[PDB]
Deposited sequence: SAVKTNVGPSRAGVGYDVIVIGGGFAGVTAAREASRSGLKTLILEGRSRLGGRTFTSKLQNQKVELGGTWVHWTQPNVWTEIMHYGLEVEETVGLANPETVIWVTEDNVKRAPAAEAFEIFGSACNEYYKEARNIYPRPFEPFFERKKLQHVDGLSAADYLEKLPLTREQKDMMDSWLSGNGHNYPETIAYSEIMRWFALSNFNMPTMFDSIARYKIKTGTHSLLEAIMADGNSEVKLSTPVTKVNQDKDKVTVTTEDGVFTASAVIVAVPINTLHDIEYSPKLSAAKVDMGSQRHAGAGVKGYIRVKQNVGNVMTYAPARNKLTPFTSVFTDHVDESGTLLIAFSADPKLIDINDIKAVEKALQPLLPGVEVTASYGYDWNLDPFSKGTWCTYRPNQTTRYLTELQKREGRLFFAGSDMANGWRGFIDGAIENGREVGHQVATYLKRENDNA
């Protein structure tokens, strides 16, 4: 064998696993399909901006541990956690109110929608602590549950906006239990949830953290080297790529679950990987940055995934400077809006911010990038209880890792780091046992 460990995928999961493995003394190679590391995090420059994963918080043990580990610093996005004005669409009409006034409505709705989170996920990092209680509800979509609640249509519409934002899809495709999971990870507190999901970002960019972790390790890296076949025998794994064939005692498959079909495995992978590679998680929407000429202040908008007025489930202020306001925008379906068509985005903004002039608009297409085939991972109904454990399971000398199968903040950067660290430790232990 040429290597002790080969890691397929150079996202945070694969990089963290490679650090764990190499620092334990194992000869490790990273094979990365793109011409860059980072995967679904991508720090670039527009005119330095984050084209993918962005926000972090100290409710996320691993990513915060690493940030402090390397002396990085964080800045604030203002719009979601501390807006001045809240705009929301209900029954195809647009309402606007002081943030406190809007959050009365939205928070009462939340009190209703999250009432069972404590019963389902008392230990958010131990998914199956309440296996029976979770199994009883895992068949519910976010919409299925919403419609059972005693709320006004307005409350339901705000919750629709919120849940569609969380799952990055229409609410009937997103698992209700996953919504509960987010709430429980935020210490069963709505303010803590807002602070955790869209407020703090690494001052020097996610790439700086990724690089600190890589420098802390001792792994070889081959970029622009897509893996095509993985063959496993009793002694080794043979990983075939477009640019060479490599052998290792153990291989950590750290690719997006939505891409599992894209490699030929012998033996074939278990039915859980096959089923999730077929169905995919729910993350399949649009995220974009919009520069507007006007100074609109700190706004937060809510619109149902399906409404007659705007394609955006939410838009909010990132920051306001001399050039106007930078907004972050989410939509549940790229069929609704071309986030890179400036005139289309401007039109889509008119009902929420009448009169805004779009100076610029950009969004990376994670859905059609063959190396992601989607955005951040949120399970569809039934997927947690059916597949999580089966997804994590090692198969022979093949190990599996990623936020897409993390126990806690699955779907976040923190999930990638947590899962990669544990899986790398397991791989090192396995090799020591032999």
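* To do: Give the ranges of the deposited sequence, numbered from 1, for which the structure holds no C-alpha coordinates, in sequence order.
  => 1 to 13, 61 to 62, 450 to 453 are the stretches of the deposited chain that have no C-alpha coordinates in the structure.
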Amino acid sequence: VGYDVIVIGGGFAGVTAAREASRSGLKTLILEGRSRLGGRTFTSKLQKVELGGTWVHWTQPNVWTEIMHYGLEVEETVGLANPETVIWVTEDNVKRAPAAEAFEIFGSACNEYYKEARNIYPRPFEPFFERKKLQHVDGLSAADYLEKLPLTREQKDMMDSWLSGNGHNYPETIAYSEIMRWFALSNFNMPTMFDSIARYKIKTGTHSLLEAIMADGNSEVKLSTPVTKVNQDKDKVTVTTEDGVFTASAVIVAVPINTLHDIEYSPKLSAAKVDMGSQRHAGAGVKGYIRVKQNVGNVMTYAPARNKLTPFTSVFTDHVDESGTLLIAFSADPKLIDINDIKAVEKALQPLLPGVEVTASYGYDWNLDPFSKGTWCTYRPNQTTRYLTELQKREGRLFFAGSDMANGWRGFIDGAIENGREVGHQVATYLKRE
From here on, numbers count along this sequence of modelled residues.
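* Asked: In the PDB record, does 62 to 70 or 32 to 40 carry the higher mean Cα temperature factor?
  -> Higher mean C-alpha B-factor in the PDB entry: 32 to 40.
* **Which of 387 to 395 and 401 to 409 has higher mean CA B factor, as the PDB entry lists it** => Comparing 401 to 409 with 387 to 395, the higher average CA B-factor belongs to 387 to 395.
* Between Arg199, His207, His281, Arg96, which carries the biggest CA temperature factor in the record? -> In this record, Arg96 carries the highest C-alpha B-factor of the candidates.
* **Candidate set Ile213, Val253, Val286, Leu151 [ranked by C-alpha B-factor, highest]** => Result of the comparison over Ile213, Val253, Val286, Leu151: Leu151.
* Asked: With respect to C-alpha B-factor, does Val7 fall in the lowest, middle or highest third of the chain as deposited?
  -> It belongs to the lowest third of the chain when residues are ordered by C-alpha B-factor.
* **Third of chain Cα B-factors occupied by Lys48** => According to the entry, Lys48 has a C-alpha B-factor in the chain's highest third.
* CA B-factor ranking of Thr228, expressed as a third of its chain -> According to the entry, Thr228 has a C-alpha B-factor in the chain's highest third.
* Comparing against every modelled residue in the chain, figure out the third that the C-alpha B-factor of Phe330 lands in (lowest, middle or highest). => It falls in the bottom third of the chain.
* Asked: What third of the chain, by the recorded C-alpha B-factor, contains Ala271?
  -> Middle third of the chain for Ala271's C-alpha B-factor.
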